[PDB]
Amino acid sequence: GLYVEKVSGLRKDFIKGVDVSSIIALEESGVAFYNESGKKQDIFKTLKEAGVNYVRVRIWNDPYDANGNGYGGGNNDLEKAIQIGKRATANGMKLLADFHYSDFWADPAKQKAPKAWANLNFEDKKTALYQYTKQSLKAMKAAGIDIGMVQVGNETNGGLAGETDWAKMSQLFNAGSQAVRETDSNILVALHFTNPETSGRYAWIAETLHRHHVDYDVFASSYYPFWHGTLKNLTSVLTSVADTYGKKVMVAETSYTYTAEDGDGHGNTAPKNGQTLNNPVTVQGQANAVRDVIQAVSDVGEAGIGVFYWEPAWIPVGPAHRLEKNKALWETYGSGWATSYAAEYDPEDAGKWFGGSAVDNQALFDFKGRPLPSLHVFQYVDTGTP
């Protein structure tokens, strides 16, 4: 049924990743996943058979309040990162450790210092960032996890760990990079930014990183077709960075809607009025979208190393009509994007919009944990659909 046009020029070792950070909180909430045959199966095995070769996991320093109540969003700390890493490694997939260097969501608007670093002068915070990265990585190595890449920050367009001055941000980038370098010289160091469609943005950031001697290997970008411009532009801005600074480039996050329906009762991020939707909101449209960004990154040439799909399995803990019972699960296991307990850390955003999954309709599995046909885009990009 599904159609996937072969990606021309796709390298054989192209990174095909997925970020399934919410998996632990979901399994604790009772969510189960299946394979093609329809029998319960570890999602990591299913991802592996679908052609995925990399797993990305977000890591928050201390995503809990004083009493130990999870902030939600998967309650992703180092402990869960290790659980995920071991399963990724056990299923022959490399790991991408994504340090937010914050106790909660880090993005263009939010780059809050971890609670533990709130009262530290810059120098001590830098030491703390370095130390944290160093210890976290060692713990993962001790667990036998195969770490292929580390992200020093997440969508750090305007800040990092409470800092907004680029001179200080670069020192933090370097502090983190340091720890990676000291851990394993083979691990790729990536910096992650977003809004590639902004005129001159990526060019300015790359040049600034250069002027501040920031030591990194991959210039990563998020790419959500809804707001981030054309694929042509994406290729253009990433190619300029690659050519100009000799860096590898990749898409650290991307996704698309396979349905307009909200499966758990918590309003979804997409689709919405105003957003750009070049592909139909169907399983086929979702597949075209993924295949296209893979093509766009591949078009960069030798520098385009891969694409990570963001949260392809953040499915509902229950039906939309069971909203109130769902909240119980979200609140208890943090299997939603945020819990009310996060209000102390982020009162402005999480504080009033906390709840369930905002991306259940952009998963590569249906609302019941069955893999959608679009899951096989990872395989068909190499050959195309017969």
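Note that residue numbering follows the sequence shown and begins at 1.
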| Between 269 to 277 and 212 to 220, which has the larger average Cα B-factor in the PDB entry? | 269 to 277
| query | What stretch has the higher average Cα B-factor here, 367 to 375 or 12 to 20? | reply | 367 to 375
| So among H192, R291, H100, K141, who wins on Cα B-factor in the entry? | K141
| remark: Scanning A342, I59, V55, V359 for peak Cα temperature factor in the entry gives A342
| field | Ranked C-alpha temperature factor of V300 among modelled chain residues, by third | value | lowest
| note | Binned into thirds over the chain's modelled residues, the C-alpha B-factor of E311 lands in the lowest
| task | Could you tell me which third, lowest, middle or highest, the C-alpha B-factor of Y258 occupies within its chain? | result | lowest
| task | Give the position of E207 by CA B-factor within its chain, expressed as the lowest, middle or highest third. | result | middle
| request: Going by the recorded CA B-factors, say which third of the chain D184 sits in, lowest, middle or highest. | output: highest
